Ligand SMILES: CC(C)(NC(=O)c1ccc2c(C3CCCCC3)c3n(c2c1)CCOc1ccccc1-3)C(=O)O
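Starting off, we have a lone chain in the form solved without the named molecule, written out as structure tokens.
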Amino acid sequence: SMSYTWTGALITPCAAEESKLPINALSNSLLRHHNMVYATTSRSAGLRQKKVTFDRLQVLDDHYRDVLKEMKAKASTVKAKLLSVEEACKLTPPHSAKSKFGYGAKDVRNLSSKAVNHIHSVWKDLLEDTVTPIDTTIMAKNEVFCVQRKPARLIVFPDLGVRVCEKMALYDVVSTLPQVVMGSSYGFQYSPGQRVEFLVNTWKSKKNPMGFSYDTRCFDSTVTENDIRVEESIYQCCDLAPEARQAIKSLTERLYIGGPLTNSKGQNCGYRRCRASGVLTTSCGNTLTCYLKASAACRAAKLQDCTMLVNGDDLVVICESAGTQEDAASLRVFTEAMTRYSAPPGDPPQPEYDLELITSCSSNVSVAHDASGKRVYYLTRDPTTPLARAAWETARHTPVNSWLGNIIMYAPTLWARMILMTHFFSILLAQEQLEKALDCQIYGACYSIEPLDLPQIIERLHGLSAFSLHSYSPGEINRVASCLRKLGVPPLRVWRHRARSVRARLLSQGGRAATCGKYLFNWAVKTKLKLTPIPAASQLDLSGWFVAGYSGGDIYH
């Protein structure tokens, strides 16, 4: 069937949309080539609709069914609980889209009566009706990039009432099931450091390692009714309350399999027969489906000593090489199998024999050196999108602060330390907003973070090593330098100069601010300070951070 059917009604915005980078008094200090930076808007949604609309064929063989049986046997060991209305409510982000039925996210969060009462009626309807398709809104994402222009991604999501109900039925399931079914292959269980560790140990575990990333073309669109029903049958293996079983059956039939699409004006835009990108099960559903298909394709291609790492639609495989000719042949067969299962590639995969050249989840393993001179592996990425977004964020308040997310996830990196930390601490100092909590997104879920906790956060996730790294790789240094030339970002020596100032200003404030100065900016001084563990570091509850992925899942932790 077709992934989408369209009526011709447009995908429409809620408010005016900016596509050009906003400029303020701070912009030039970060980036001179403003025309290189853009945001996607609904006005390009038609281009996206074109790309994501196609027929899906699916041919399922014994490998597919063998792997599904295995996954189901592991899923049968999972026991999951229903969430209360109140529990689900507290998982709703403050900025989440309002209901059509007369309440908003903040009415949900402080548990207003009107909100709770509608949520109860949505649940009851789900229990009582397992056939009536549930309304969804289709919107165009506003995301920031550097010109290479990408059309807007689409988001499809049900009403706030339903979203709360999804959490009630499925939050526990999607939080716990994937690691049990997929074990070490489940990507969202890892911090950046742990992900590095897994990749490195896996690479070393092979006599002659070969790895490839596999890019499915428009993964959500390739997901069929079959796939979504199969994913439900996996959830149904769990030990669940009777109401949970019913609600999951109902959500699958009425929501997950497909449904009508409504624009922000209330017009029927058409019909969806593929993955909704804005439902609770998007991440878990995609991960299970990617893993199921990839696992079976590995068996089809007879890949030797395969190890998969799967993060929703993002897939990387490390295996034993058979030489370049046989590896190329193997991947072609792997790709043929994936194609038959309805996951054909965007870029065809290519075997890689250098771990540092494998990009997976937009990132790669690289190497630098700690204080002792000892080599330390860490996760990095091309800093172009991070810097484009940081520039947008310099002039505009956004619901999600990608700069803060990038500092957390990419703290050991040359570009996050020298540029992101320096820039945004300067901004926070000037406004005296060091103490103000900011929202960021990690593995799809929204976190309120106090910037002053950064040193504790980085110590816990990455270790004190992250404040001491030096002698980065020629490839990494060149990629950063190239990026700065592209965007017209000041050379790394200007940032060192600015960092000395930011460090000194922070030290003058004493307290947590001084702690930021000492740890975050020790790289900036010729004669360093001795960095020892931070006392308060244990107090922070980082449980829940790297357990599961929740993209489009409307989660607040």
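Counting begins at 1, following the sequence as shown. For the two forms, the rigid core is made up of the largest set of C-alpha atoms that agree within 1.5 Å on superposition.
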query: Interval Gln325-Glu326, deposited residues with no coordinates in the entry (none, 1 to 3, 4 to 9, 10 or more); finding: none
query: Stretch exceeding the other in mean C-alpha B-factor - 110 to 118, 188 to 196; finding: 110 to 118
query: Which of 100 to 108 and 138 to 146 has higher mean CA B factor, as the PDB entry lists it; finding: 100 to 108
query: Which of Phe334, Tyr341, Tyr271, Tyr377 ranks first by CA B-factor in the deposited coordinates; finding: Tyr377
query: Largest Cα B-factor, entry values, listed residues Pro158, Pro455, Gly259, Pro386; finding: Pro455
query: Third of chain Cα B-factors occupied by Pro412; finding: middle
query: Lowest, middle or highest third - CA B-factor, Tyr472; finding: highest
query: Relative C-alpha B-factor of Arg56, binned into the chain's lowest, middle or highest third; finding: lowest
query: Third of the chain, ranked by Cα B-factor, where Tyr556 sits; finding: highest
query: Modelled-residue ranking by C-alpha temperature factor, third containing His63; finding: lowest
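This next part talks about the form solved in complex with the named molecule, which is not shown.
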{"item": "Ligand-site call, the named molecule overlaid in the bound PDB entry, backbone or C-beta contacts under 2.4 Å, 3+ atoms", "value": "blocked"}
{"item": "Region of this chain that lies against the named molecule in the bound PDB entry, out of 324 to 332, 119 to 127, 260 to 268, 480 to 488 [heavy atom, 4.5 Å]", "value": "480 to 488"}
{"item": "Triplet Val67, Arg229 and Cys298 all within 4.5 Å of the named molecule in the bound PDB entry via a heavy atom", "value": "no"}
{"item": "Selected contact from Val164, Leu170, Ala343, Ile419, since only one has a non-hydrogen atom within 4.5 angstroms of the named molecule in the bound PDB entry", "value": "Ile419"}
{"item": "Sole residue of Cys274, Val108, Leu288, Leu387 within 4.5 Å of the named molecule in the bound PDB entry, by heavy atom", "value": "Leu387"}
{"item": "4.5 angstroms heavy atom contact with the named molecule in the bound PDB entry for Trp495", "value": "yes"}
{"item": "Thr394 within 4.5 Å of the named molecule in the bound PDB entry, heavy atoms", "value": "yes"}
{"item": "Contact test in the bound PDB entry: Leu506 vs the named molecule, heavy atoms, 4.5 Å", "value": "no"}
{"item": "Interface membership of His423, the named molecule in the bound PDB entry, 4.5 Å heavy atom rule", "value": "yes"}
{"item": "Out of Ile155, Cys218, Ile449, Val376, the residue that alone shifts its CA by 2 Å or more between this form and the one not shown when the rigid core is the reference", "value": "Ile449"}
{"item": "Core-aligned C-alpha movement of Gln58 between this form and the one not shown, 2 Å or more", "value": "no"}
{"item": "Large Cα move at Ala514 between this form and the one not shown, threshold 2 Å, rigid core", "value": "yes"}
{"item": "Yes/no, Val333 Cα shift of 2 Å or more between this form and the one not shown with rigid core fixed", "value": "no"}
